[PDB]
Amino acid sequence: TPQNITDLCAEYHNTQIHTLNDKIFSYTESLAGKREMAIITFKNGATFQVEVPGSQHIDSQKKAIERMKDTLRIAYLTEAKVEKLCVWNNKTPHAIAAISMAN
C-alpha cells in the first residue's frame, strides 16, 4: 500500500495533486436530487467537489464518499489545515479522491 497521498494519487489516471496548506474557506452541501454533493473552496479561489455517487464508482467507494463529506465538514468547522488533495481532473470542479491534513 502507498505511504502517502502523492504515491496513492499516482496509482490512478486522470489525477493530480493540489497543494493547499490552508484551511477550507467555504463548505457547501446539497440534498437536491441528482446534486447530492459537497463543494469546498479555498481563499486562493480553488474549488473542489465530492462527486454525486454514480455508475463510475465501485461498491467499496460508497462508504468512503460519505466519509469524505464527513471529513470535509469537520475540517471546515475546526479550521483544520488541508495539506494536499488528490483529485480527478476530468471533472469540473476537480473531484476529490483523497485528502491529507497536517500542521
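Heads up: residue numbers just count along the shown sequence, starting at 1. Between two forms, the rigid core is the largest collection of C-alphas that superpose within 1.5 Å.
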Query raised in the report: Line up the rigid core: which moves more in 8 other deposited structures of this protein, 65-73 or 52-60, by C-alpha RMS?
Result: 52-60
Query - Higher-scoring stretch by recorded Cα B factor average, 68-76 or 52-60 - result: 52-60
Report task. Rank-wise, by C-alpha B-factor, drop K34 into the lowest, middle or highest third of its chain. Result -> middle
Report summary line: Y12: CA B-factor among chain residues, third -> highest
Query - Ranked against its chain, the third holding the CA B-factor of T92 - result: highest
Requested in this report: Taking the chain's C-alpha temperature factors as the reference, tell me which third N44 falls into: lowest, middle or highest.
Outcome: highest
